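Contents: one structure, followed by commentary.
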Amino acid sequence: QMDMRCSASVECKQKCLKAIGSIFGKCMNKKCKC
């Protein structure tokens, strides 16, 4: 699992943490956004 396809069950943390520094990302851009 975890296949960087907006459903990796984890991008909603790291991507958001790289975005604004949050662990509450939203399924977007093959990952998640804040």
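For the record, in the sequence shown the residue sitting at position 21 is 21 according to the deposited numbering, with numbers rising by one throughout.
Quick reminder that beta carbons are idealized off the backbone N, C-alpha and C, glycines included.
- Go through its chain and collect everything with a Cβ distance to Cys6's Cβ below 6 Å, but skip five positions before and after it. As a working note, residue 6 is residue 6 in the sequence shown. Within the same chain, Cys6 has close Cβ partners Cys27 and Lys30.
- Task: Have a look at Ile23 and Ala8 and give me their C-alpha separation to the nearest angstrom.
- Result: Stepping through the sequence shown from its first residue, residue 23 is reached at position 23. Stepping through the sequence shown from its first residue, residue 8 is reached at position 8. Computed Cα separation, rounded: 14 Å.
- Item | Residues near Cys32 by beta carbon distance below 6 Å, same chain, minus five either side | By one-based count along the sequence shown, residue 32 stands at place 32. Closer than 6 Å at Cβ, skipping near neighbours: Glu11, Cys12, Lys15, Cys16, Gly25 and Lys26.
- Message: Using only the alpha-carbon positions, how far apart do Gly21 and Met2 sit?
- Response: Looking up residue 21 in the sequence shown gives position 21. Looking up residue 2 in the sequence shown gives position 2. Each residue's Cα considered, the two are about 21 Å apart.
- Task: Report whether the distance from the Cβ of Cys12 to the nearest heavy atom of the ligand MN is below 7 Å.
- Result: Judged by which ligands are present, the structure shown has none, so any question about the ligand MN falls away.
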